[PDB]
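Participant: Here's a structure for you.
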Amino acid sequence: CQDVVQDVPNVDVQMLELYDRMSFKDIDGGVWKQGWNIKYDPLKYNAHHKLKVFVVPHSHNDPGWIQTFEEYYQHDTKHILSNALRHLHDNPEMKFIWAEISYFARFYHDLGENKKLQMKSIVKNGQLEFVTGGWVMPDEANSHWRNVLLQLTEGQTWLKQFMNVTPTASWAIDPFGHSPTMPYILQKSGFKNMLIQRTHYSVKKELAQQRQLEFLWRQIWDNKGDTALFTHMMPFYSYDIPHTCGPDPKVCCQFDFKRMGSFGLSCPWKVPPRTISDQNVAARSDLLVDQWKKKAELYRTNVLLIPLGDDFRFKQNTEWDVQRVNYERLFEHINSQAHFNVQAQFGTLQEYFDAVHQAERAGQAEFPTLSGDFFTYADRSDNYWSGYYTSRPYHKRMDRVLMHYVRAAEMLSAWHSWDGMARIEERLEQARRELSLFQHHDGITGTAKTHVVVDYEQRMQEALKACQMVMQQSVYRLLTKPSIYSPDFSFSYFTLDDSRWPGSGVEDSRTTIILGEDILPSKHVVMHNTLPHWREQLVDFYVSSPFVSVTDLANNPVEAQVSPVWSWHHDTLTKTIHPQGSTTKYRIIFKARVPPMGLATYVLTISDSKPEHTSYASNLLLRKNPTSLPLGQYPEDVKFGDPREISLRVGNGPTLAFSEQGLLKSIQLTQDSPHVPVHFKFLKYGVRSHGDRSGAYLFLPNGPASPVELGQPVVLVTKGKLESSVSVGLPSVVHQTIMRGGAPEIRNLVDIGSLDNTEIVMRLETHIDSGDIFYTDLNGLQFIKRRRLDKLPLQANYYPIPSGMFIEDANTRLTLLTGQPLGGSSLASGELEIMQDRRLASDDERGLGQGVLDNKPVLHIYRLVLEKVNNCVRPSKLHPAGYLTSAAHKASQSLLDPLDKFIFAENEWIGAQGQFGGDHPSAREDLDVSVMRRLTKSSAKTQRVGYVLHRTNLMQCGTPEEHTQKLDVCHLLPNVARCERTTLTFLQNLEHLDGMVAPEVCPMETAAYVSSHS
Ligand SMILES: [O-]S([O-])([O-])O[C@H](CO)[C@H](O)C[Se@+]1C[C@@H](O)[C@H](O)[C@H]1CO
Ligand SMILES: *[C@H]1O[C@H](CO)[C@@H](O)[C@H](O)[C@H]1NC(C)=O
Ligand SMILES: [Zn+2]
């Protein structure tokens, strides 16, 4: 195994280093506005060294953006595909690449058999070529790597089954900035090449000058280079035709033949395209070939890529004709005019890369190596696209919830083979596709029109319901005596209980367990743990009486705590934000202990009075002018007081101090240790009154944030033996700090209401001497070192915070883990900040055509980990990566993959068992079974189950290792007859494994295995 901490990779271009050196000056470079006037030596190309040009027709089809997926399909895409089939069939030399499989699959299943056959033939013969082959072209900033893999697998599995092809070249022309998580996943999925486009204009300029636009992109910690994937970065401002033929858009626009008038398009540079003819072909060719040769100067081989397309292009037959005919005339003239020394033709993306590597192999060029990422993107001036790291935060949080439900549903149902009548495969396929669709770069990014966001939400809601149905049927079969199990596949044996989604104050959706001497004395509940190690976590349920005790199925008492159900209200009468306690329902909390990838059953029983093993939390409402807060049967009276500083300690955990406004002020790790200053504060960013306005994409603040005026907020303190918390009703946010014995959990119920042109940020202030350094993660896969650069504007120092961020000095580290992707930064030494929501009245001119005024309450969740790191073995100062500690990693897992909770729906569960998976191996803490998916239907004689195993890298800080058993996923199911290592998509077998044993992977590595069973 490579050491990912101590050896600094030696690469030609290291993005953090390049950023530190670059000046980012935005000067007018001439017709190539962000570059310079390219000059070339006409003698470079000649009879023995020609410029091979590949013109690649393409059509960018967004699976939802300003129209929903289905509206685009009906109005545009089905026509584009229908006409592509006809035109390619009839013009053998014409080519076309396709990226979005969600649309292709939608089209293909609507085709008659005759057309399906014609389609397969033009794919088989190379005319229509799939690039990437994912369900969508995902966002690369907010997306979790697990969902990036999920959508890639969904599209590629469909392609393998129906088109018999697996793309090895990726095409990503629209994500707003790019992540190294893509080549990581792609290189482990059989890919050989990839192309990206939206990178900062200054980076394009810099790499172009060095001819470093094509590079072997390896991971930041990869010393050897085995993760390397050849990458081509386009050089210009857009993927449209005016910005793809060469440096001068006024000339290139003249070669987009759909802009002559009848199509309602024109050239903004004021020179229109002109139909190519025998009398103008020489002059048109001279202009075009000159653009081509200039573009060629920015690359190292004599093979040139010329994309030819734009949004939803190649729709009308007349469009296909006008583009094809004119280009055929240009090619015939250019290729027969020896003096140009050019051979041009229509080509596919793979054809381009194949020719590039043939040149490389002929010793024509050597490519530089590169590590790093391409955030935060700016397409021009100071227009940095960091706004979308936060836009539509409700759905960004929903993404993570569904992510986990999909994994749990596929894992829980994987244990058995199911009869087709159970509709398990059907429900899982729908859930995977709706979550996959939302990975689109106008989906999770929050950059779509209001009605389209609603469509994605409705789709995800159905996906959540599908996961629940599958999960609950699976639990029932897994925990019921086999000879008693009698399933009704449409029946709800269990109801899922989720305490954080939609969340208290967002939707009153949780069911109350109703017990009573005259109706039902007890209720079974079951917890599922998708992680491959034994796990304990507190779980809570609503019950109709405070006198409830908990036992496991061996009838052993389980210590429990009951607290009130508190809801916050904006009292329009008193003009205050305060809590009201339920008088009919209460929260019971207890520690669940669950096997690796298993289930554990508990029983809640009502009693006449206080049960022996249940304690009750005290509650204290701090505010001036208090009024009574009755709680029905709750046995402890609420206390009142004037606002004041307070301190709390649960178990042996840290002791936290809060200001009289209910916000954290300090953390004390142990009884002896000091009270380390850690202050939470909420602020607001505004919008500029002159110049460019912030929108769904752009963050253009009118300067540093201003503190939110807090007034004298109401603060609620609940103190319990198992869980305590401090909650405060601030303007736009009910902020909560929850303590359970370890790092606190933070929850923000964010309702930006009608606060127009406002962005709410949550900031942490400490004395940590971090200077200008901070760390943020990429797709929940790795942490990359960031350096705040004052030579760039504030918005440029904002980065995606998909799951975590931290700052540290030689001795102390503060890590903030998130349950949703949001944007954030460290704008001053000792600080961390992350945006909660943003409401913008204006459009930011990137095509959306609207601002963001559809905000809705959202419950953001976090874990805040303060730790001493002076004893930790960390990477050297020049290493571009950072790594989490064991506690921070566990804390992230508690947010993204919590225990799932199920309430038995009927009165009695006959045949109930207390546990499943007690014999599953409890793997080392840095290892996870990211995916467990049965790959065969029940009629398959040989059953196959796929596993994706990921090993992160945790810092060694002096804590002895201990125990843990080897996890061999190939032996998790009985009767194994074969074990194979495969690509991450499970589509290609890479290794037949001896003894049918799946070995574990190395730190930061990810592998897939498929076990076959008789
Ligand atoms: O013309 S336009 O206003 O629709 O926008 C252009 C071309 O200028 C874009 O490239 C459309 Se790109 C389509 C969509 O997925 C992105 O959100 C858009 C971000 O800008
Ligand atoms: C297509 O995949 C392979 C690769 O060319 C080919 O040999 C085979 O005939 C096709 N697969 C099937 C099952 O039709
Ligand atoms: Zn797009």
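Numbering starts at 1 and runs along the chain as displayed.
Method of determination (from the header): X-ray crystallography, 2.0 Å.
For all residues, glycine too, the Cβ spot is worked out from N, Cα and C.
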Participant: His441, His451, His524: which one does Swiss-Prot list with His60, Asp62, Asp174 for the Zn(2+) site?
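Facilitator: Of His441, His451, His524, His441 joins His60, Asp62, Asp174 in the Zn(2+) site that Swiss-Prot records.
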Participant: Neighbour count, 10 Å Cβ-Cβ cut-off, for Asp174 (Zn(2+) binding site): what number do you get?
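Facilitator: Other Cβ atoms found within 10 Å: 20.
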Participant: For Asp62 (Zn(2+) binding site), what is the tally of other C-beta atoms lying within 10 angstroms of its C-beta?
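Facilitator: I get 25 for this one.
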Participant: Rank the binding-site residues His60, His441 by the number of other Cβ atoms within 10 Å of each Cβ, and give the residue at the low end.
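Facilitator: Fewest other Cβ atoms within 10 Å, among the binding-site residues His60, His441, is found for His60.
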Participant: Around the Zn(2+) site formed by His60, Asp62, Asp174, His441, which additional residues qualify by having Cβ within 8 Å of the site's Cβ center?
Facilitator: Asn61, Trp65, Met137, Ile173, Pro175, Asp311, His440, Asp442
